[PDB]
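Trainee: Pasting work.cif here (mmCIF, C-alpha atoms and all ligand atoms):
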data_start
#
loop_
_atom_site.label_atom_id
_atom_site.label_comp_id
_atom_site.auth_asym_id
_atom_site.auth_seq_id
_atom_site.Cartn_x
_atom_site.Cartn_y
_atom_site.Cartn_z
CA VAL L 3 78.74 98.91 108.75
CA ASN L 4 79.69 101.97 110.83
CA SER L 5 78.78 105.67 110.81
CA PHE L 6 82.15 107.17 109.58
CA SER L 7 81.66 109.15 106.33
CA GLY L 8 83.88 110.67 103.62
CA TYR L 9 87.03 108.67 104.41
CA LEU L 10 89.46 107.48 101.87
CA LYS L 11 90.42 103.86 102.29
CA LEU L 12 94.19 103.27 102.52
CA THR L 13 94.26 99.57 103.44
CA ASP L 14 91.98 96.77 104.60
CA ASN L 15 91.70 98.46 108.02
CA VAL L 16 93.02 102.06 107.79
CA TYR L 17 90.94 105.02 106.59
CA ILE L 18 91.87 108.73 106.40
CA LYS L 19 90.06 112.06 106.11
CA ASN L 20 90.63 115.77 106.32
CA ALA L 21 88.63 116.59 109.44
CA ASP L 22 88.73 118.26 112.82
CA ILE L 23 88.77 115.31 115.25
CA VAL L 24 86.67 117.31 117.73
CA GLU L 25 83.93 117.92 115.17
CA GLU L 26 84.19 114.38 113.88
CA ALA L 27 83.97 113.08 117.36
CA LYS L 28 80.90 115.19 118.25
CA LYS L 29 79.06 114.02 115.12
CA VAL L 30 80.04 110.43 115.08
CA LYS L 31 80.05 109.71 118.94
CA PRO L 32 82.51 106.92 118.26
CA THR L 33 83.05 104.21 120.83
CA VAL L 34 86.71 105.29 121.10
CA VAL L 35 88.42 108.60 120.32
CA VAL L 36 92.21 108.63 120.68
CA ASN L 37 93.92 111.55 122.39
CA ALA L 38 97.51 112.53 121.59
CA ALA L 39 98.43 112.59 125.27
CA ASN L 40 101.58 113.24 127.25
CA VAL L 41 102.64 111.15 130.25
CA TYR L 42 101.17 113.69 132.71
CA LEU L 43 97.82 113.90 130.88
CA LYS L 44 98.30 117.68 130.78
CA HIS L 45 95.99 118.55 127.87
CA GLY L 46 97.35 121.96 127.02
CA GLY L 47 97.55 122.15 123.25
CA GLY L 48 97.47 120.30 119.99
CA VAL L 49 94.85 117.59 119.72
CA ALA L 50 94.74 117.16 123.50
CA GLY L 51 94.10 120.82 124.20
CA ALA L 52 91.34 120.84 121.58
CA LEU L 53 89.65 117.67 122.86
CA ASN L 54 89.88 118.92 126.43
CA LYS L 55 88.46 122.35 125.52
CA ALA L 56 85.53 120.65 123.79
CA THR L 57 84.77 118.82 127.09
CA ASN L 58 84.71 122.14 129.00
CA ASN L 59 87.82 120.93 130.93
CA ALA L 60 86.09 117.79 132.24
CA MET L 61 88.75 115.67 130.52
CA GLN L 62 91.47 117.52 132.46
CA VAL L 63 89.64 117.14 135.79
CA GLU L 64 89.25 113.40 135.24
CA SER L 65 92.87 113.13 134.09
CA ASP L 66 94.24 114.92 137.16
CA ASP L 67 92.45 112.41 139.40
CA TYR L 68 93.85 109.54 137.29
CA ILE L 69 97.42 110.83 137.67
CA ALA L 70 97.04 111.51 141.39
CA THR L 71 96.04 107.85 141.84
CA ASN L 72 98.26 106.08 139.30
CA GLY L 73 101.18 108.36 138.47
CA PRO L 74 102.34 109.18 134.94
CA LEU L 75 101.92 107.00 131.90
CA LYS L 76 104.88 105.53 130.02
CA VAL L 77 105.94 106.93 126.66
CA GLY L 78 104.37 104.39 124.30
CA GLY L 79 101.63 103.62 126.84
CA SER L 80 97.97 104.45 127.23
CA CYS L 81 94.97 104.55 129.50
CA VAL L 82 91.22 104.38 128.88
CA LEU L 83 89.17 107.20 130.41
CA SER L 84 85.77 108.70 129.69
CA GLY L 85 85.00 110.15 126.27
CA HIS L 86 82.78 112.79 127.92
CA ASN L 87 80.59 114.49 125.28
CA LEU L 88 82.83 113.34 122.41
CA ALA L 89 82.84 109.52 122.52
CA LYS L 90 82.04 106.65 124.84
CA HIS L 91 85.72 106.31 125.78
CA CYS L 92 88.91 108.26 125.24
CA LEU L 93 92.07 106.22 124.72
CA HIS L 94 94.89 108.52 125.86
CA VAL L 95 97.99 107.35 123.97
CA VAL L 96 101.46 108.76 124.54
CA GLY L 97 103.50 108.88 121.37
CA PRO L 98 107.12 110.01 121.63
CA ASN L 99 107.60 113.78 121.54
CA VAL L 100 110.55 114.56 119.27
CA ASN L 101 110.72 118.04 120.78
CA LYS L 102 111.58 116.28 124.08
CA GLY L 103 114.15 113.94 122.52
CA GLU L 104 112.09 110.77 122.93
CA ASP L 105 112.92 107.66 120.91
CA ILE L 106 110.87 107.50 117.71
CA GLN L 107 110.93 103.69 117.85
CA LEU L 108 108.42 104.05 120.70
CA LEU L 109 105.92 105.14 118.06
CA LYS L 110 105.23 101.50 117.16
CA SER L 111 104.57 100.66 120.82
CA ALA L 112 102.18 103.63 121.00
CA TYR L 113 100.17 102.41 118.00
CA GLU L 114 99.99 98.87 119.45
CA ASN L 115 97.55 100.24 122.03
CA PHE L 116 95.02 100.72 119.23
CA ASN L 117 94.82 96.92 118.73
CA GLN L 118 92.91 96.58 122.01
CA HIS L 119 89.92 98.35 120.39
CA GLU L 120 87.92 97.09 117.41
CA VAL L 121 87.23 100.57 115.95
CA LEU L 122 88.83 103.96 116.74
CA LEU L 123 88.78 107.58 115.62
CA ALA L 124 92.31 108.82 115.99
CA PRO L 125 94.90 111.43 115.08
CA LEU L 126 98.30 110.55 113.72
CA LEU L 127 100.43 109.83 116.78
CA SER L 128 103.50 111.99 117.40
CA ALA L 129 102.53 114.39 114.56
CA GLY L 130 101.85 118.10 115.01
CA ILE L 131 103.50 119.58 118.09
CA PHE L 132 105.06 116.20 119.00
CA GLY L 133 107.57 116.83 116.20
CA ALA L 134 107.63 113.55 114.23
CA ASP L 135 107.28 113.25 110.46
CA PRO L 136 103.56 112.57 109.79
CA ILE L 137 104.40 110.48 106.71
CA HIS L 138 106.40 108.17 108.96
CA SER L 139 103.63 108.10 111.55
CA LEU L 140 101.13 106.99 108.90
CA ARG L 141 103.47 104.21 107.75
CA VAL L 142 103.91 102.93 111.32
CA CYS L 143 100.14 103.10 111.83
CA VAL L 144 99.42 101.02 108.72
CA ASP L 145 102.14 98.49 109.61
CA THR L 146 101.10 98.18 113.30
CA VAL L 147 97.35 98.67 113.75
CA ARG L 148 95.21 95.69 112.75
CA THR L 149 91.88 96.99 114.08
CA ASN L 150 89.77 99.50 112.17
CA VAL L 151 91.20 103.00 112.48
CA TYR L 152 89.71 106.21 111.10
CA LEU L 153 92.43 108.87 110.96
CA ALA L 154 91.54 112.54 111.14
CA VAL L 155 93.96 114.99 109.75
CA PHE L 156 93.18 118.60 110.62
CA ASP L 157 95.41 120.25 108.00
CA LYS L 158 94.10 119.96 104.44
CA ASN L 159 97.58 120.51 102.96
CA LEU L 160 99.26 117.65 104.96
CA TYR L 161 96.31 115.37 104.21
CA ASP L 162 96.89 115.77 100.47
CA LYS L 163 100.61 115.05 100.92
CA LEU L 164 99.89 111.93 103.01
CA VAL L 165 97.51 110.53 100.38
CA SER L 166 99.67 111.42 97.37
CA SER L 167 102.81 109.88 98.91
CA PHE L 168 101.15 106.74 100.35
CA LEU L 169 102.66 103.47 99.20
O1 LIG D 1 100.19 115.25 118.41
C1 LIG D 1 100.33 114.60 117.34
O2 LIG D 1 100.92 113.49 117.37
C2 LIG D 1 99.81 115.16 116.02
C3 LIG D 1 98.80 116.29 116.22
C4 LIG D 1 97.52 116.04 115.41
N1 LIG D 1 96.71 117.27 115.46
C5 LIG D 1 95.32 117.13 115.08
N2 LIG D 1 94.96 116.05 114.41
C6 LIG D 1 93.70 115.88 114.06
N3 LIG D 1 92.78 116.76 114.38
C7 LIG D 1 93.08 117.87 115.08
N4 LIG D 1 92.32 118.88 115.50
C8 LIG D 1 93.06 119.78 116.16
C9 LIG D 1 92.70 120.98 116.77
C10 LIG D 1 93.66 121.76 117.40
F1 LIG D 1 93.30 122.93 118.00
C11 LIG D 1 94.98 121.33 117.42
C12 LIG D 1 95.34 120.13 116.81
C13 LIG D 1 94.37 119.35 116.17
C14 LIG D 1 94.38 118.10 115.46
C15 LIG D 1 97.43 118.42 115.03
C16 LIG D 1 98.52 118.65 115.96
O3 LIG D 1 99.41 117.53 115.89
#
Any chance you could give the structure as structure tokens?
Mentor:
Amino acid sequence: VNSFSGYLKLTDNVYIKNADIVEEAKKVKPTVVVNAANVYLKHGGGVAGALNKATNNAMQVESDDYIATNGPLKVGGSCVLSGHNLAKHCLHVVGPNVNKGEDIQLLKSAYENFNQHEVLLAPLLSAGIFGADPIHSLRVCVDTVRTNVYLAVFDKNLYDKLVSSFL
């Protein structure tokens, strides 16, 4: 039994809700919140800019030190950093950004990072400003993630389309 509330159940292990991931994170304090990161951990907009703003820029400060030590992530890769005031940990996952021409097949590799964590609060990878089709992202998520994932979808309209079209 966990503390996530109001989710619709899509499969054995995937759940979905219309929620602001920042507000869901601050209420739930999940063990892991997933950030829709880029390889430079530059949290300027989208989910990343919102999560970072909610940490009063502490996420960005920590991220800049991570990059200075380790260099950029790979597209499809991830790193575990602090969750600050939002979660115990933040799993920064780099989905492909279609608006940069990155290979959408890397989306499956990106979701594989979720399998290293028993339970996660997450956005749909490569959706929003990363330019991929969110319906496709949900399909890859369901077909790749085996651990328990609670998906937050900010936009009520897209949420309804994702549910109504789910196979
Ligand atoms: O980057 C991707 O792969 C897909 C993303 C997913 N995004 C979100 N998902 C869930 N909760 C979210 N709260 C937000 C608050 C904001 F100010 C901006 C974006 C979000 C947001 C929307 C942008 O696209």
Trainee: Report the distance between CA of residue 169 in chain L and CA of residue 142 in chain L in Å, rounded to one decimal place.
Mentor: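 So the two atoms, CA of residue 169 in chain L and CA of residue 142 in chain L, lie 12.2 Å apart.
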Trainee: Pick out the residues no farther than 9 Å from ligand LIG 1 (chain D), counting only C-alpha atoms and all ligand atoms, and list them as a PyMOL selection string.
Mentor: chain L and resi 20-26+37-39+47-53+55+96-99+124-134+136+139+153-157
Trainee: Residues at most 9 Å from residue 14 in chain L, counting only C-alpha atoms, excluding those fewer than 2 positions away in the same chain, as a list in words?
Mentor: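 The residues that qualify are residues 11, 12, 16, 17, 148 and 150 of chain L.
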Trainee: Provide the CA of residue 149 in chain L to CA of residue 45 in chain L distance in Å, to one decimal place.
Mentor: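 CA of residue 149 in chain L sits 25.9 Å away from CA of residue 45 in chain L.
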Trainee: Please identify every residue of range 97-141 of chain L that has at least one atom no farther than 10 Å from an atom of range 160-164 of chain L, counting all atoms listed in the file, and for each give the shortest atom pair and the distance in Å to one decimal, arranged by chain then increasing number, as CSV.
Mentor:
residue,atom,partner,partner_atom,distance
L:136,CA,L:164,CA,7.7
L:137,CA,L:164,CA,6.0
L:138,CA,L:164,CA,9.6
L:140,CA,L:164,CA,7.8
L:141,CA,L:164,CA,9.7
Trainee: So, counting all atoms listed in the file, which residue among L:105, L:122, L:76, L:65 is closest to residue 31 in chain L?
Mentor: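 The answer is L:122, which sits nearest to residue 31 in chain L.
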Trainee: Taking 2 positions as the minimum chain separation for residues in the same chain, which residues sit within 7 Å of residue 123 in chain L when counting all atoms listed in the file? Answer as a list in words.
Mentor: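 The neighbour list is residues 32, 34, 35, 36, 151, 152 and 153 of chain L.
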Trainee: Can you work out which one of L:165, L:92, L:61, L:30 has the shortest atom-to-atom distance to residue 80 in chain L, counting only C-alpha atoms?
Mentor: L:92
Trainee: When you count only C-alpha atoms, which of these residues is closest to residue 143 in chain L: L:112, L:27, L:70, L:56?
Mentor: L:112
Trainee: Which is closest to residue 146 in chain L among L:15, L:71, L:5, L:166, if we use only C-alpha atoms?
Mentor: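 Among the listed residues, L:15 lies closest to residue 146 in chain L.
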Trainee: Could you tell me which of L:78, L:66, L:135, L:87 comes closest to residue 107 in chain L if we count all atoms listed in the file?
Mentor: L:78
Trainee: For the atom pair CA of residue 6 in chain L and CA of residue 28 in chain L, what is the interatomic distance in Å to one decimal place?
Mentor: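 Going from CA of residue 6 in chain L over to CA of residue 28 in chain L covers 11.9 Å.
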Trainee: Of the residues L:33, L:120, L:110, L:83, which is the one nearest to residue 67 in chain L, using all atoms listed in the file?
Mentor: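 The closest residue to residue 67 in chain L is L:83.
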